[PDB]
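A.B. asks: My sequence and its experimental structure, below.
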2 protein chains.
Amino acid sequence: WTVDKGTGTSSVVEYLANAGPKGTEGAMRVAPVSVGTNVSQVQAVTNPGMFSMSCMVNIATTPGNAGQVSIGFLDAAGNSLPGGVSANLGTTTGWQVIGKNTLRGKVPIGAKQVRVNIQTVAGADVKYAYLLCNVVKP
Amino acid sequence: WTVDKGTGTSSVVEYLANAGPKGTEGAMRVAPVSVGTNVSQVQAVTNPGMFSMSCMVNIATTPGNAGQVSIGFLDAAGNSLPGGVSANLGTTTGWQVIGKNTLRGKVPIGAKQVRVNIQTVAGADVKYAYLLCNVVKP
């Protein structure tokens, strides 16, 4: 996972053992300060395809929308393509599922890469687990 | 194939025509000096998957165990993952099959690349042929 805290120098992004939904699995806690932190991963993908992702998110505290989880597609040169999807985390506390009707779609024509990004706003304390994406091809 | 002789500048790694098991195919001869020579190749692979590999090896001379053939898995970021396997070449001379109950397993989740390494110890002279690995999946 690529952790970009930006200028948010003291932002806390940490692995926590036994902190997931069941208490037996790992979790990633992101607590940005002043400015937001983005955690991302990029992998190879090809058209045609269909995808759906689910996430386990536990927002402890937030000053508003806690952030967003996004899926983007890139061509061979790294340029963004149409077909991106995003799910806002909201403000409701407790372990919850993201995102049933949001993080889904078709693999865009020309896509070489798929990138997931987890954005947590400044002032939010959120734990993430089970970042599961599946891409099914014909 | 990537030939890494390490500190052994005098190590001999050569292609030999008509030197394989049948006398009609190519073979690679490795005769390392001072330190062992490692020949490797990396290719992309991802979960889900299962794999098995076989090798044809002819040990001409060896001081001890002639070396090993290994398969390892790496993610996109270059981290080594569990599920690696290795097969020792032993001391028996003549064309023989390596990897039957050793170079096999499941592709670990998160794996983005698979790397084979052929290791020949210093002072050993062995020929390799038919380095056939299969990952069953489309």
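C.D. replies: Done, it's in. Numbering: from 1, shown residues only, chains lettered A, B, ... in the order given.

A.B. asks: so who does the residue nearest the centre of chain A touch?
C.D. replies: Geometric centre of chain A, nearest residue: residue A:118, 3.0 Å, by C-alpha atoms, centre = their mean. If you count contacts by C-beta atoms under 8 Å, 6 or more residues apart in numbering or on different chains, residue A:118 has them with A:30, A:38, A:39, A:40, A:67, A:69, A:128, A:131. Every C-beta, even on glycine, is put in place using the N, C-alpha and C of the backbone.

A.B. asks: and chain B, which of those contact it?
C.D. replies: For chain B, no contacts are drawn from the contacts of residue A:118 by C-beta under 8 Å from any C-beta of the partner chain.

A.B. asks: Mark which of those are part of helices, please.
C.D. replies: Per DSSP state H, helices hold no members of the contacts of residue A:118.

A.B. asks: filter those to the buried ones?
C.D. replies: A:30, A:38, A:39, A:67, A:69, A:128, A:131 (16 or more other C-beta atoms under 10 Å in any protein chain shown).

A.B. asks: which residue does chain A bring closest to chain B?
C.D. replies: Among the residues of chain A, residue A:43 lies nearest to chain B; the distance is 6.2 Å by C-beta to the nearest C-beta.

A.B. asks: Tell me the bridge partners for that residue.
C.D. replies: Beta-bridge pairing for residue A:43 (DSSP bridges): residue A:114.

A.B. asks: okay but it is in contact with residue B:75, surely?
C.D. replies: No - using C-beta atoms under 8 Å, residue A:43 makes no contact with residue B:75, being 9.3 Å away.

A.B. asks: what touches both of the two?
C.D. replies: Residues touching both residue A:43 and residue B:75 (C-beta under 8 Å, 6+ apart): residue B:112.

A.B. asks: Pull the number of nearby residues for residue A:134.
C.D. replies: Counted with other C-beta atoms under 10 Å in any protein chain shown, residues neighbouring residue A:134 total 10.

A.B. asks: just checking, it touches residue A:45?
C.D. replies: No - counting by C-beta under 8 Å, residue A:134 stays clear of residue A:45, with 11.6 Å between them.

A.B. asks: joint contacts of these two?
C.D. replies: Common neighbours of residue A:134 and residue A:45 (C-beta under 8 Å, 6+ apart) do not exist.

A.B. asks: Next to chain B, which bits of chain A? Give me the list.
C.D. replies: Proximity of chain A to chain B, by C-beta under 8 Å from any C-beta, involves residues A:41, A:42, A:43, A:44.

A.B. asks: Distance of the closest residue to residue A:47 other than its chain neighbours relative to residue A:49?
C.D. replies: In this structure, residue A:47 finds its nearest non-sequential neighbour in residue A:107, 4.7 Å apart by C-beta to C-beta, 6 or more residues apart in numbering or on different chains. Look at residue A:107 and residue A:49: by C-beta to C-beta, to the nearest Å, they are 4 Å apart.

A.B. asks: what do those two both touch?
C.D. replies: By C-beta under 8 Å, 6+ apart, the residues touching both residue A:107 and residue A:49 are residue A:135.

A.B. asks: These two: who's more crowded?
C.D. replies: residue A:107 (20 against 17).

A.B. asks: was I right about the more buried one contacting residue A:52?
C.D. replies: No - using C-beta under 8 Å, residue A:107 makes no contact with residue A:52, being 11.8 Å away.

A.B. asks: May I ask which helix or strand encompasses the residue nearest to the centre of chain A?
C.D. replies: Using DSSP states H and E, residue A:118 maps to strand A:113-120.

A.B. asks: residues of that strand that come out buried?
C.D. replies: For strand A:113-120, by 16+ other C-beta under 10 Å, it's A:113, A:114, A:115, A:116, A:117, A:118, A:119, A:120.

A.B. asks: Hmm, the second one is touching residue A:51, no?
C.D. replies: Yes - counting by C-beta under 8 Å, residue A:51 is a contact partner of residue A:114 at 7.5 Å.

A.B. asks: Need the residues touching each of these two.
C.D. replies: Common neighbours of residue A:114 and residue A:51, using C-beta under 8 Å, 6+ apart, are A:71, A:107, A:133, A:135.
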